[PDB]
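A short write-up of the structure that comes next.
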Amino acid sequence: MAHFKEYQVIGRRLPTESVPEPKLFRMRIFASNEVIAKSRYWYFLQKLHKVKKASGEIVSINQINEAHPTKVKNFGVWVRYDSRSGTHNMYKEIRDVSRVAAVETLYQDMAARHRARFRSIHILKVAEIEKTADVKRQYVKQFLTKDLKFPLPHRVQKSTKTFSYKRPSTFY
Amino acid sequence: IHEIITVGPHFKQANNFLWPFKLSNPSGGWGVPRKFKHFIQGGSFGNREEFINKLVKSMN
Amino acid sequence: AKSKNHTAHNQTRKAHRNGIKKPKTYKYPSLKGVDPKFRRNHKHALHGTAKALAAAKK
Amino acid sequence: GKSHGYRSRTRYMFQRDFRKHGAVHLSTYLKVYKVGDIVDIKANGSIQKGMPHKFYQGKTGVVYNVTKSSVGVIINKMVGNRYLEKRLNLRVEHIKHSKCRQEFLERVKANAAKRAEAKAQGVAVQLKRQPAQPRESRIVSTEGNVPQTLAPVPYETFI
Amino acid sequence: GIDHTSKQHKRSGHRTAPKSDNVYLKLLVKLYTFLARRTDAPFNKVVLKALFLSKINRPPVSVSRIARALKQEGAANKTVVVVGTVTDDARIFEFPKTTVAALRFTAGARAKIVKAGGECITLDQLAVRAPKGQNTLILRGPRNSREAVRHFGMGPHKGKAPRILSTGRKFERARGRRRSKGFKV
Amino acid sequence: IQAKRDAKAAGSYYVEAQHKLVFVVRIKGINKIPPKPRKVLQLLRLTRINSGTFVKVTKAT
RNA sequence: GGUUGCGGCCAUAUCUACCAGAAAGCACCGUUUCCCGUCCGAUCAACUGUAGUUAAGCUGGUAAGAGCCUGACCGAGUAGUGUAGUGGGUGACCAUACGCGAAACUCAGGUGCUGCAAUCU
RNA sequence: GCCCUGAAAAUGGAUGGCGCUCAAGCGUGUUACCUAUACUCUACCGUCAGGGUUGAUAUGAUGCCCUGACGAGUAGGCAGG
RNA sequence: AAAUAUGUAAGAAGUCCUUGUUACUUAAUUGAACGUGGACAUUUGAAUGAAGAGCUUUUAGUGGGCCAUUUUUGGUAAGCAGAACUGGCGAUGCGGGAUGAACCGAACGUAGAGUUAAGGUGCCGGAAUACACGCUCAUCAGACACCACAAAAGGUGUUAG
RNA sequence: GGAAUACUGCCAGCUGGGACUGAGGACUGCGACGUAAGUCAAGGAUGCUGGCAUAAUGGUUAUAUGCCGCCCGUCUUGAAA
RNA sequence: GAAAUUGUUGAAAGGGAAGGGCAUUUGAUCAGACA
Ligand SMILES: [Mg+2]
Ligand SMILES: [Mg+2]
Ligand SMILES: [Mg+2]
Ligand SMILES: [Mg+2]
Ligand SMILES: [Mg+2]
Ligand SMILES: [Mg+2]
Ligand SMILES: [Mg+2]
Ligand SMILES: [Mg+2]
Ligand SMILES: [Mg+2]
Ligand SMILES: [Mg+2]
Ligand SMILES: [Mg+2]
Ligand SMILES: [Mg+2]
Ligand SMILES: [Mg+2]
Ligand SMILES: [Mg+2]
Ligand SMILES: [Mg+2]
Ligand SMILES: [Mg+2]
Ligand SMILES: [Mg+2]
Ligand SMILES: [Mg+2]
Ligand SMILES: [Mg+2]
Ligand SMILES: [Mg+2]
Ligand SMILES: [Mg+2]
Ligand SMILES: [Mg+2]
Ligand SMILES: [Mg+2]
Ligand SMILES: [Mg+2]
Ligand SMILES: [Mg+2]
Ligand SMILES: [Mg+2]
Ligand SMILES: [Mg+2]
Ligand SMILES: [Mg+2]
Ligand SMILES: [Mg+2]
Ligand SMILES: [Mg+2]
Ligand SMILES: [Mg+2]
Ligand SMILES: [Mg+2]
Ligand SMILES: [Mg+2]
Ligand SMILES: [Mg+2]
Ligand SMILES: [Mg+2]
Ligand SMILES: [Mg+2]
Ligand SMILES: [Mg+2]
Ligand SMILES: [Mg+2]
Ligand SMILES: [Mg+2]
Ligand SMILES: [Mg+2]
Ligand SMILES: [Mg+2]
Ligand SMILES: [Mg+2]
Ligand SMILES: [Mg+2]
Ligand SMILES: [Mg+2]
Ligand SMILES: [Mg+2]
Ligand SMILES: [Mg+2]
Ligand SMILES: [Mg+2]
Ligand SMILES: [Mg+2]
Ligand SMILES: [Mg+2]
Ligand SMILES: [Mg+2]
Ligand SMILES: [Mg+2]
Ligand SMILES: [Mg+2]
Ligand SMILES: [Mg+2]
Ligand SMILES: [Mg+2]
Ligand SMILES: [Mg+2]
Ligand SMILES: [Mg+2]
Ligand SMILES: [Mg+2]
Ligand SMILES: [Mg+2]
Ligand SMILES: [Mg+2]
Ligand SMILES: [Mg+2]
Ligand SMILES: [Mg+2]
Ligand SMILES: [Mg+2]
C-alpha cells in the first residue's frame with residue numbers, strides 16, 4: 001500500500017450526557033500515511049464494537065518508531081486473510097531489522113504466494129521471536145546457524161554501454 | 001486572507017468575492033497511477049486532509 | 001413490424017430544459033369553489049365595511 | 001388488458017394499521033379547521049365517502065374551504081414541466097393538521113421574546129438558526145481510563 | 001470545458017435603438033441617450049427606452065385618459081408626457097388646461113388641448129423645459145386592448161374568442177359550445 | 001503546540017478542534033456526471049477542471 | 001382516595017386462575033294495575049324502593065402466568081443499501097472505499113393514564 | 001498459489017506484430033519518464049455583456065475607447081454577407 | 001421494517017394589540033370571513049449559489065431510435081424480446097482500448113510555452129532492457145477492464161499455509 | 001545523560017542554468033529607494049554590436065521524407081461497406 | 001473558340017492504384033522592402 005509506518009491510534013465513542021468520558025480503545029495500525037491509518041482504525045473498530053466514525057472521535061495518532069532499528073530480529077507474524085474460495089488464518093516468520101520492514105515484505109509475500117491484495121489481509125499480531133528454537137520455520141531457521149558464511153556465485157556486472165569489448169565474467 | 005483562514009464573521013461575502021481559483025495541473029503529477037479512486041485507496045479524490053497543501057501548491 | 005412500446009427515457013431532461021416552474025403564488029387567491037352561503041353573506045358583509053369606511057372621509 | 005381504476009394499486013395504502021380497525025376515534029371529529037391551516041392527507045380505508053385519490057396520499061396542502069363534513073384542500077400537483085392547482089374535497093377523516101409549521105411558529109414567538117428580552121437588556125441578539133458546527137478542541141483525561149489496545153480477530157465458524 | 005450553467009451568448013432581448021428608421025426619431029433618441037447618460041435622473045432612462053418601443057407597445061393615450069390623470073389628487077399642474085401619439089376623445093366635455101408633451105398629436109387632440117389654453121410640446125421642447133424631468137407625469141396607453149390579444153390564450157374553458165372570419169350563429173356555435181350539442185367548451 | 005505538550009504532560013490526550021475551513025479542487029472533467037453531484041459541483045462553483053474554491057465547514061456543507 | 005353519570009387517549013385497559021372489598025354508589029333483587037314488548041314481563045316497558053344480597057356484575061390485589069407496553073454499545077455496526085474503481089473471479093459471486101443502517105434474538109423494567117360534574121367514613 | 005491434464009474443425013495467422021524465460025510472463029511495492037482539441041499563462045479572431053464619450057474649429061454615432069466572460073454540432077431557426 | 005427516492009414548512013403575503021361590517025353562524029356582539037387603528041426592521045429569522053428575475057406571442061424540425069452500469073420481465077439462451085433511473089450514441093471530432101457508433105480520458109475559434117489525463121516507456125514507437133520482493137519452465141506457457149470464452153474433476157511438478 | 005541526523009513542514013532567505021513571449025505606445029495609477037537632488041526592476045523591451053541589402057528572409061509550386069488520411073451523395077439505430 | 005478528351009514539345013515522379021493533411025530539404029519561380 002506503500003512503504004509503511006506504524007501508528008498508535010486512539011479513539012472513543014462521542015461523549016454523551018449520561019456517558020461523559022467513554023472507554024477509549026487503541027490499535028497499532030500498519031499504514032503509509034496517517035490518513036489511511038485513521039481510516040483503518042475505524043475499519044477495525046466497527047468490526048469490533050458498536051461505533052462508526054460518525055458516532056465516534058479520534059483522540060490521538062502517534063507514529064511508533066523502531067526500538068533498535070539497527071538490530072536483526074526474528075519476527076513471528078500472524079494473519080487472517082481471504083483466498084478466492086474462503087478465508088484463512090496463517091502464521092509466517094519474517095527476519096528483518098524493523099517491524100516496518102517486516103510488515104512491508106509480509107504484504108509482498110501475500111501478494112506473491114497467495115495473490116492476496118492489501119484489502120484482503122488482516123495483520124493479527126506481529127511480535128519478536130525472542131529465544132531461538134521458538135523459530136519454527138526452516139527458511140528463517142536456516143539463517144541462525146553459527147559462523148554462517150556463503151558465496152554469491154555467478155555474478156552479473158550490469159553494463160553501462162550498449163557494447164562491450166571484453167566478454168564478461170561472473171567470478172566473485 | 002485573514003478573513004478566509006480564520007473563517008470570519010463575514011466569510012460568506014469575503015470568500016464569494018474571490019473568483020474560483022484556476023490552477024494548472026500538478027507539476028510532479030498526482031503521485032498515483034490512477035486518479036479516480038479515493039485518496040485512501042491510492043487515488044486522488046476525497047478529503048486528503050493536510051495533504052491538500054502539497055497538491056494545491058504543485059498546481060499553483 | 002413491431003416497434004418500441006413506451007419509455008420515459010429522456011423525458012425529465014426535457015422537463016428541466018425549461019423549468020419545472022415553481023407554482024407561483026398570490027396574496028388574495030380566488031374564492032373558486034367556496035361555499036355559496038359563505039360567498040353570499042361575505043359579499044353583503046364587505047359591502048357594509050365598505051359603506052362605513054366611506055363615512056370615514058365624510 | 002391493463003387496468004387502471006380509481007383505487008388500483010392501493011392494496012396496502014388504504015389498509016388499516018395493525019389492530020387498528022373499526023370505529024374511528026371521536027377526536028378525529030372534534031378537531032376544528034379554518035381556512036389557511038396546513039393539513040396532511042392520509043386516506044382512511046374504512047371511510048369510503050370523501051376519499052382522496054391515491055395520489056394525494058402523503059401529500060400536504062392548505063385548507064381553502066370549510067363545509068359540513070369536510071374541507072377543501074389545495075395541492076400543487078406537478079404535471080409535465082409544471083405545477084397546476086388541484087383542489088380536493090376531503091372528509092375530515094382523511095385530514096390532519098400539519099406539524100410542518102409548529103417549529104416555525106414555535107421559533108417565532110421564541111424569537112420575538114429573546115428579541116425583546118435582549119432589547120430591553122443591552123442589544124446583542126443573534127437569532128438565525130445555524131447548521132451544526134464542527135466541534136471544538138478538548139482535553140481527554142487518562143485517569144481511570146487507560147486506552148485498551150484491540151486487534152483484529154482470527155477466522156472461525158461456529159455452525 | 002465548462003459545465004455551462006446558462007445559455008452562452010444570449011442577447012439581452014431588450015431593444016437598443018428604435019427599429020424605426022426615421023431621422024427625427026433617431027435624433028430625439030440622440031438627445032435622450034445623452035440626457036440619460038449624464039443626468040442620473042430616472043425619467044430620462046425611462047423615456048429613452050420608450051422611444052425604442054414599437055407601435056403595439058405604444059398604444060394611443062387619449063386626451064380623456066389625460067384629463068383623468070390630472071384629476072389625480074395633487075397632480076393638476078404636472079405636465080403629461082406621452083412617448084407615443086395623443087388622440088382626441090369626443091366623450092369628455094370639459095377638458096382642462098395643462099401641458100401635453102408627446103410624439104404626435106392627432107388634429108382633434110391638439111385642437112381640444114389648445115382650445116382650453118393648453119400647450120402641445122415635442123419631447124425635445126419638454127427636454128429643455130425640464131431636463132431632470134422635473135414635475136412630469138408619464139402616461140401609458142392600454143397595451144392589452146389590441147384586438148389581437150382577444151385570441152391569445154385560446155383553448156378549452158379559457159373564454160377567449162375563436163380566430164374566426166364571418167360570424168353569426170352557424171359559425172362555431174354548435175357541438176362543443178353547448179350542453180345540448182355534444183358538450184360545452 | 002504547548003497545549004499538545006501540556007496534555008501529554010498530564011497523561012491526558014489533547015484533541016484539536018475539527019477543521020473549519022476546507023479547500024476543494026474539481027479533479028474530474030466535465031462530462032458523464034450524474035445530476036445531483038453535477039448541481040453541487042455548480043453550487044460550489046467548481047464548473048471546470050482544476051479549479052478550486054474555499055468551503056466553510058458545517059454539516060450543511 | 002372510593003363511587004357514579006358523561007368522557008379522551010383506546011390492552012401498561014385484554015386473557016386465565018385465585019383472593020379481598022368499609023362506607024356511599026352502582027348492582028342483583030320485589031311487583032304486573034297502568035304505557036309498552038314478547039312463543040316466554042328472560043330481554044324490552046311500566047310500579048315500588050318497599051320484601052331480599054355482596055353470590056355475582058363492578059373495584060382492587062396475587063402469578064419465576066399468557067398477551068401487551070417501554071428500554072439497552074443484547075444481537076448488530078450484522079442483513080440490506082446510496083455512491084467509487086481499467087478492484088478480485090471462468091462464471092456464480094466476493095472483497096475494498098466514503099456514507100446510511102434494520103428485523104428476529106437476548107436481557108431488564110412495567111401492567112392503565114387522565115377530563116368535567118355530583119356523591120361518600 | 002502458478003503450472004500441467006481435462007482441452008475436438010475445417011484457406012495460412014495472430015498476446016496488434018517481432019520476439020521475450022532471475023521476462024519483455026503472473027502478484028505486488030517505489031521512483032522517474034513519454035503526450036490530448038483537456039488544464040495554466042500569453043497573443044489574435046469572433047460572440048455576448050458591462051462601462052465611458054456629441055464639445056467645437058477634420059475623416060465613419062450603425063461610431064470611438066476601456067473592461068470581462070465565452071466559442072462542439074445533424075434536423076432545424078435566425079442573422080450578417 | 002430500511003437505504004435510495006418523495007409531500008410541506010424555515011416570516012413584511014410575518015407576529016401580536018385595540019374593535020367595525022354581514023342577510024352566514026351562535027343560547028349570546030357568540031363565531032366565521034373582510035377590514036380600520038396601533039406595537040416590533042434586516043442575525044427579518046438555516047446553507048451554498050445566482051452572467052438576474054418574471055411574462056407574452058408566433059413558428060421549425062421530431063413524433064422508426066439504439067448503447068452502457070445498476071433495478072428488472074419473458075426465454076435454456078442470443079450481438080434475442082420488453083420495462084425503471086441516470087449517463088451516452090444518434091447529432092461529435094480530439095487522446096487511450098492495434099482495430100471498432102455506444103468503453104476510458106476529455107468535449108473542439110486560430111496559435112506559442114508549460115502541465116497533465118486515460119494509457120504507456122525491449123524494438124516496431126515518444127518514454128527506465130528502472131529499482132524491489134516473491135511466484136511460474138508448459139513436446140499446443142503466459143501476457144491487462146468492456147473484449148473477443150472455457151467447466152466439473154484430477155497431478156508424488158513446485159510454493160506458501 | 002547530552003547531542004546529531006532522518007522525516008514532514010515554514011521563510012515576504014540567497015542564488016545558478018535553460019526555454020517561449022515583448023501585447024501596449026505622450027503624460028496620468030499603486031509603490032519602492034534615497035537626508036537630499038534624485039533614482040527605479042513600480043499601469044506590457046530596451047540598450048549595445050554585427051550580417052545581407054539579396055532571392056539573404058519570405059510566398060507559391062513540383063518532388064522527396066516522417067507521421068497521419070477508406071467515397072461522396074442518401075435512407076438509417078448503424079455505411080468505406 | 002471554355003471543358004471533357006487528344007497529338008507534339010518541355011519539365012518531373014513512379015517495387016501490387018492515384019489523389020489529401022501538418023512539416024521541412026531540394027529545384028523552379030515571385031513579391032515586398034532597402035535606401
Ligand atoms: Mg517498537
Ligand atoms: Mg517542482
Ligand atoms: Mg516533468
Ligand atoms: Mg524533479
Ligand atoms: Mg496504467
Ligand atoms: Mg505552477
Ligand atoms: Mg425490433
Ligand atoms: Mg414508435
Ligand atoms: Mg393488470
Ligand atoms: Mg372490533
Ligand atoms: Mg355511495
Ligand atoms: Mg369586434
Ligand atoms: Mg373593443
Ligand atoms: Mg464556495
Ligand atoms: Mg353496602
Ligand atoms: Mg299482559
Ligand atoms: Mg323481572
Ligand atoms: Mg325495564
Ligand atoms: Mg365477593
Ligand atoms: Mg356496572
Ligand atoms: Mg407476563
Ligand atoms: Mg451498497
Ligand atoms: Mg467486476
Ligand atoms: Mg456478504
Ligand atoms: Mg493465448
Ligand atoms: Mg509489449
Ligand atoms: Mg511486475
Ligand atoms: Mg530513473
Ligand atoms: Mg489549442
Ligand atoms: Mg458553433
Ligand atoms: Mg452550443
Ligand atoms: Mg427533498
Ligand atoms: Mg425537491
Ligand atoms: Mg436562504
Ligand atoms: Mg452569493
Ligand atoms: Mg447578475
Ligand atoms: Mg413548437
Ligand atoms: Mg409542432
Ligand atoms: Mg406534430
Ligand atoms: Mg456510460
Ligand atoms: Mg437519424
Ligand atoms: Mg464523444
Ligand atoms: Mg487514435
Ligand atoms: Mg483489444
Ligand atoms: Mg467511470
Ligand atoms: Mg513492427
Ligand atoms: Mg523509444
Ligand atoms: Mg476482471
Ligand atoms: Mg481446479
Ligand atoms: Mg498444488
Ligand atoms: Mg512593444
Ligand atoms: Mg508594442
Ligand atoms: Mg527581390
Ligand atoms: Mg546573399
Ligand atoms: Mg515540374
Ligand atoms: Mg505535391
Ligand atoms: Mg493509415
Ligand atoms: Mg438512399
Ligand atoms: Mg436496415
Ligand atoms: Mg456513406
Ligand atoms: Mg473560329
Ligand atoms: Mg507544402
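In the C-alpha cells, the first chain shown is A, the next is B, and so on; residue numbers restart at 1 for each chain, and ligands run from 1 in the order shown.
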Residue neighbourhood stretch 38-52 of chain H, 6 Å, only C-alpha atoms (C1' of nucleotides), exclusion window fewer than 2 positions, as a PyMOL selection string: (chain B and resi 24-25) or (chain E and resi 9-10) or (chain I and resi 106)
Output of the above residues as a PDB file, in the first residue's frame, restricted to N, CA, C and O atoms (P, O5', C5', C4', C3', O3' and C1' of nucleotides):
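This is the output file out_21.pdb:
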```
ATOM      1  N   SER B  24      -3.339  25.143 -12.609  1.00  0.00           N
ATOM      2  CA  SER B  24      -2.881  24.257 -13.622  1.00  0.00           C
ATOM      3  C   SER B  24      -2.837  22.863 -13.063  1.00  0.00           C
ATOM      4  O   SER B  24      -3.171  22.634 -11.909  1.00  0.00           O
ATOM      5  N   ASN B  25      -2.436  21.909 -13.879  1.00  0.00           N
ATOM      6  CA  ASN B  25      -2.217  20.580 -13.366  1.00  0.00           C
ATOM      7  C   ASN B  25      -1.035  20.523 -12.415  1.00  0.00           C
ATOM      8  O   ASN B  25      -0.158  21.369 -12.461  1.00  0.00           O
TER       9      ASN B  25
ATOM     10  N   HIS E   9     -23.842  33.226 -24.889  1.00  0.00           N
ATOM     11  CA  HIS E   9     -24.051  34.238 -25.919  1.00  0.00           C
ATOM     12  C   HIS E   9     -25.505  34.627 -26.050  1.00  0.00           C
ATOM     13  O   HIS E   9     -26.057  34.672 -27.147  1.00  0.00           O
ATOM     14  N   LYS E  10     -26.163  34.872 -24.939  1.00  0.00           N
ATOM     15  CA  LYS E  10     -27.555  35.229 -25.039  1.00  0.00           C
ATOM     16  C   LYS E  10     -27.615  36.732 -25.319  1.00  0.00           C
ATOM     17  O   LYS E  10     -26.793  37.498 -24.804  1.00  0.00           O
TER      18      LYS E  10
ATOM     19  P     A I 106     -11.660  13.148 -17.418  1.00  0.00           P
ATOM     20  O5'   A I 106     -11.596  13.991 -18.756  1.00  0.00           O
ATOM     21  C5'   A I 106     -10.501  14.852 -19.007  1.00  0.00           C
ATOM     22  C4'   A I 106     -10.576  15.396 -20.395  1.00  0.00           C
ATOM     23  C3'   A I 106     -11.812  16.235 -20.697  1.00  0.00           C
ATOM     24  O3'   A I 106     -11.638  17.603 -20.343  1.00  0.00           O
ATOM     25  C1'   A I 106     -11.574  14.568 -22.337  1.00  0.00           C
TER      26        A I 106
END
```
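Residues of protein, DNA or RNA having any atom at most 12 Å from ligand 33, counting only C-alpha atoms (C1' of nucleotides) and all ligand atoms, are residues 20 and 22 of chain C; 78 of chain D; 36 of chain F; 5, 6, 7 and 8 of chain I.
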Near stretch 9-18 of chain F, counting only C-alpha atoms (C1' of nucleotides), which residues have an atom at most 9 Å away, once you skip same-chain residues fewer than 3 positions from it, shown as an mmCIF file with N, CA, C and O atoms, in the first residue's frame?
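The result, stored in around.cif:
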```
data_model
loop_
_atom_site.group_PDB
_atom_site.id
_atom_site.type_symbol
_atom_site.label_atom_id
_atom_site.label_comp_id
_atom_site.auth_asym_id
_atom_site.auth_seq_id
_atom_site.Cartn_x
_atom_site.Cartn_y
_atom_site.Cartn_z
ATOM 1 N N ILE A 58 -11.612 10.508 16.950
ATOM 2 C CA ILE A 58 -10.209 10.107 17.165
ATOM 3 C C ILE A 58 -9.535 10.973 18.230
ATOM 4 O O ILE A 58 -9.609 12.179 18.171
ATOM 5 N N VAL A 59 -8.873 10.369 19.206
ATOM 6 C CA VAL A 59 -8.312 11.139 20.316
ATOM 7 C C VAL A 59 -6.843 11.398 20.161
ATOM 8 O O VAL A 59 -6.339 12.388 20.665
ATOM 9 N N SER A 60 -6.159 10.488 19.480
ATOM 10 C CA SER A 60 -4.725 10.607 19.263
ATOM 11 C C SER A 60 -4.224 9.697 18.152
ATOM 12 O O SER A 60 -4.861 8.701 17.793
ATOM 13 N N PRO D 134 -18.516 22.387 13.425
ATOM 14 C CA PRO D 134 -17.598 21.307 13.752
ATOM 15 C C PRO D 134 -17.148 21.533 15.176
ATOM 16 O O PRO D 134 -17.005 22.693 15.569
ATOM 17 N N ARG D 135 -16.984 20.478 15.959
ATOM 18 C CA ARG D 135 -16.735 20.691 17.380
ATOM 19 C C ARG D 135 -15.353 21.253 17.702
ATOM 20 O O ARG D 135 -14.424 21.217 16.879
ATOM 21 N N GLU D 136 -15.258 21.762 18.929
ATOM 22 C CA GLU D 136 -14.091 22.472 19.418
ATOM 23 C C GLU D 136 -12.993 21.544 19.944
ATOM 24 O O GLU D 136 -13.157 20.323 20.013
ATOM 25 N N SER D 137 -11.857 22.140 20.294
ATOM 26 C CA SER D 137 -10.780 21.414 20.938
ATOM 27 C C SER D 137 -11.326 20.881 22.224
ATOM 28 O O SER D 137 -12.327 21.383 22.733
ATOM 29 N N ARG D 138 -10.663 19.873 22.761
ATOM 30 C CA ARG D 138 -10.935 19.466 24.122
ATOM 31 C C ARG D 138 -9.870 18.504 24.586
ATOM 32 O O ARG D 138 -9.190 17.873 23.763
ATOM 33 N N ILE D 139 -9.722 18.414 25.905
ATOM 34 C CA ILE D 139 -8.726 17.543 26.508
ATOM 35 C C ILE D 139 -9.363 16.310 27.131
ATOM 36 O O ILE D 139 -10.332 16.442 27.886
ATOM 37 N N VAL D 140 -8.842 15.118 26.818
ATOM 38 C CA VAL D 140 -9.397 13.900 27.400
ATOM 39 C C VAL D 140 -8.401 13.292 28.386
ATOM 40 O O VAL D 140 -7.218 13.102 28.103
ATOM 41 N N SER D 141 -8.901 13.038 29.584
ATOM 42 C CA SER D 141 -8.054 12.556 30.643
ATOM 43 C C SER D 141 -7.911 11.049 30.586
ATOM 44 O O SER D 141 -8.767 10.344 30.035
ATOM 45 N N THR D 142 -6.827 10.563 31.182
ATOM 46 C CA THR D 142 -6.477 9.144 31.170
ATOM 47 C C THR D 142 -6.787 8.506 32.532
ATOM 48 O O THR D 142 -6.808 7.291 32.682
ATOM 49 N N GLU D 143 -7.047 9.364 33.520
ATOM 50 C CA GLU D 143 -7.279 8.951 34.902
ATOM 51 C C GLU D 143 -8.467 8.031 34.960
ATOM 52 O O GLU D 143 -9.580 8.449 34.683
ATOM 53 N N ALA F 3 -0.253 23.297 24.054
ATOM 54 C CA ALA F 3 -1.437 22.570 24.537
ATOM 55 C C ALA F 3 -1.170 21.089 24.441
ATOM 56 O O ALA F 3 -1.355 20.335 25.399
ATOM 57 N N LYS F 4 -0.714 20.702 23.253
ATOM 58 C CA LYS F 4 -0.467 19.314 22.934
ATOM 59 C C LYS F 4 0.553 18.738 23.882
ATOM 60 O O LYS F 4 0.428 17.598 24.279
ATOM 61 N N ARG F 5 1.545 19.527 24.272
ATOM 62 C CA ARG F 5 2.533 19.051 25.238
ATOM 63 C C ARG F 5 1.973 19.056 26.645
ATOM 64 O O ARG F 5 2.270 18.177 27.445
ATOM 65 N N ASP F 6 1.171 20.062 26.955
ATOM 66 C CA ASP F 6 0.745 20.229 28.318
ATOM 67 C C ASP F 6 -0.172 19.090 28.697
ATOM 68 O O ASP F 6 -0.177 18.661 29.842
#
```
Based on the backbone DSSP call, show me all residues of chain A assigned alpha helix (DSSP H), as a short mmCIF file (atom, residue, chain, number, x, y, z; two decimals) with N, CA, C and O atoms, in the first residue's frame.
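Saved as part.cif:
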```cif
data_model
loop_
_atom_site.label_atom_id
_atom_site.label_comp_id
_atom_site.auth_asym_id
_atom_site.auth_seq_id
_atom_site.Cartn_x
_atom_site.Cartn_y
_atom_site.Cartn_z
N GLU A 34 -0.94 8.91 7.72
CA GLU A 34 -1.85 8.98 8.85
C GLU A 34 -3.29 8.85 8.40
O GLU A 34 -4.13 8.31 9.13
N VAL A 35 -3.57 9.36 7.20
CA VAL A 35 -4.95 9.45 6.74
C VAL A 35 -5.53 8.04 6.61
O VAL A 35 -6.61 7.76 7.12
N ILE A 36 -4.76 7.16 5.96
CA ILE A 36 -5.10 5.75 5.82
C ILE A 36 -5.17 5.10 7.16
O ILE A 36 -6.02 4.27 7.41
N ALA A 37 -4.25 5.47 8.03
CA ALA A 37 -4.20 4.81 9.32
C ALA A 37 -5.46 5.07 10.15
O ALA A 37 -6.03 4.14 10.71
N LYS A 38 -5.91 6.32 10.25
CA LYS A 38 -7.20 6.58 10.88
C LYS A 38 -8.31 5.80 10.17
O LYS A 38 -9.25 5.33 10.80
N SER A 39 -8.22 5.66 8.86
CA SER A 39 -9.32 5.02 8.19
C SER A 39 -9.33 3.57 8.60
O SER A 39 -10.41 3.03 8.87
N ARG A 40 -8.15 2.94 8.66
CA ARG A 40 -8.09 1.54 9.00
C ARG A 40 -8.60 1.45 10.40
O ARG A 40 -9.38 0.58 10.69
N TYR A 41 -8.20 2.37 11.28
CA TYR A 41 -8.62 2.28 12.67
C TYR A 41 -10.11 2.14 12.79
O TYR A 41 -10.58 1.27 13.51
N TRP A 42 -10.85 2.98 12.10
CA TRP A 42 -12.30 2.92 12.17
C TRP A 42 -12.78 1.63 11.57
O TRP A 42 -13.76 1.05 12.03
N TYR A 43 -12.07 1.17 10.55
CA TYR A 43 -12.42 -0.05 9.85
C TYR A 43 -12.50 -1.21 10.80
O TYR A 43 -13.44 -1.99 10.76
N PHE A 44 -11.52 -1.32 11.68
CA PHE A 44 -11.47 -2.44 12.62
C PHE A 44 -12.35 -2.25 13.86
O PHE A 44 -12.87 -3.22 14.39
N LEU A 45 -12.53 -1.02 14.32
CA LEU A 45 -13.43 -0.80 15.45
C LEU A 45 -14.88 -1.12 15.13
O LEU A 45 -15.63 -1.60 15.98
N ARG A 99 9.89 -3.56 12.53
CA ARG A 99 8.51 -4.08 12.34
C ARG A 99 7.97 -3.58 11.02
O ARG A 99 7.20 -4.24 10.31
N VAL A 100 8.42 -2.38 10.67
CA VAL A 100 8.00 -1.79 9.45
C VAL A 100 8.57 -2.47 8.22
O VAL A 100 7.82 -2.77 7.29
N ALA A 101 9.87 -2.73 8.21
CA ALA A 101 10.47 -3.53 7.13
C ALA A 101 9.75 -4.84 6.96
O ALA A 101 9.46 -5.26 5.84
N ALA A 102 9.46 -5.48 8.08
CA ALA A 102 8.84 -6.78 8.08
C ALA A 102 7.50 -6.70 7.42
O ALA A 102 7.28 -7.32 6.38
N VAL A 103 6.59 -5.93 8.01
CA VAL A 103 5.23 -5.80 7.50
C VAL A 103 5.22 -5.45 6.01
O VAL A 103 4.36 -5.88 5.27
N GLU A 104 6.22 -4.70 5.57
CA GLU A 104 6.39 -4.48 4.15
C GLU A 104 6.50 -5.77 3.37
O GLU A 104 5.78 -5.97 2.41
N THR A 105 7.43 -6.62 3.76
CA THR A 105 7.71 -7.81 2.97
C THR A 105 6.63 -8.86 3.15
O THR A 105 6.45 -9.70 2.29
N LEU A 106 5.93 -8.81 4.27
CA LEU A 106 4.78 -9.67 4.50
C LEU A 106 3.85 -9.55 3.33
O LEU A 106 3.55 -10.49 2.61
N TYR A 107 3.37 -8.33 3.19
CA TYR A 107 2.38 -7.97 2.22
C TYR A 107 2.90 -8.33 0.84
O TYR A 107 2.13 -8.70 -0.03
N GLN A 108 4.20 -8.26 0.64
CA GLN A 108 4.76 -8.62 -0.64
C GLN A 108 4.69 -10.12 -0.83
O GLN A 108 4.56 -10.59 -1.97
N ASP A 109 4.78 -10.87 0.28
CA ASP A 109 4.71 -12.32 0.21
C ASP A 109 3.28 -12.73 -0.11
O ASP A 109 3.05 -13.49 -1.05
N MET A 110 2.34 -12.21 0.67
CA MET A 110 0.93 -12.49 0.45
C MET A 110 0.51 -12.25 -1.01
O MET A 110 -0.16 -13.07 -1.63
N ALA A 111 0.91 -11.10 -1.54
CA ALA A 111 0.77 -10.76 -2.95
C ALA A 111 1.26 -11.85 -3.88
O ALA A 111 0.55 -12.31 -4.78
N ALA A 112 2.51 -12.25 -3.65
CA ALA A 112 3.23 -13.21 -4.47
C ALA A 112 2.78 -14.67 -4.35
O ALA A 112 2.68 -15.39 -5.34
N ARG A 113 2.53 -15.12 -3.13
CA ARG A 113 2.31 -16.54 -2.93
C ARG A 113 0.85 -16.84 -2.95
O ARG A 113 0.44 -17.85 -3.47
N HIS A 114 0.04 -15.95 -2.43
CA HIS A 114 -1.38 -16.29 -2.36
C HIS A 114 -2.27 -15.30 -3.12
O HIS A 114 -3.52 -15.33 -3.01
N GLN A 138 11.99 -23.29 9.00
CA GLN A 138 13.08 -23.61 8.09
C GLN A 138 13.77 -22.45 7.35
O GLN A 138 14.97 -22.24 7.50
N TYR A 139 13.00 -21.72 6.54
CA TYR A 139 13.58 -20.68 5.69
C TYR A 139 14.15 -19.54 6.50
O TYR A 139 14.98 -18.78 6.01
N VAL A 140 13.72 -19.43 7.74
CA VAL A 140 14.30 -18.50 8.68
C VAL A 140 15.39 -19.14 9.55
O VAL A 140 16.49 -18.63 9.67
N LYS A 141 15.04 -20.26 10.17
CA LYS A 141 15.94 -21.08 10.97
C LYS A 141 17.33 -21.17 10.36
O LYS A 141 18.32 -20.91 11.01
#
```
Residues within 8 Å of residue F:23, please, as a PyMOL selection string. Count only C-alpha atoms (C1' of nucleotides); anything in the same chain fewer than 6 positions from it doesn't count. (chain B and resi 52) or (chain F and resi 52-55)
Can you write just those residues out, C-alpha atoms, as a PDB file, in the first residue's frame?
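Final output, result_15.pdb:
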```
ATOM      1  CA  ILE B  52      -4.093  19.141   0.112  1.00  0.00           C
TER       2      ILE B  52
ATOM      3  CA  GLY F  52     -10.726  25.425  -6.703  1.00  0.00           C
ATOM      4  CA  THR F  53     -12.787  27.273  -4.114  1.00  0.00           C
ATOM      5  CA  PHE F  54     -12.873  27.600  -0.288  1.00  0.00           C
ATOM      6  CA  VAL F  55     -15.623  25.945   1.726  1.00  0.00           C
TER       7      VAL F  55
END
```
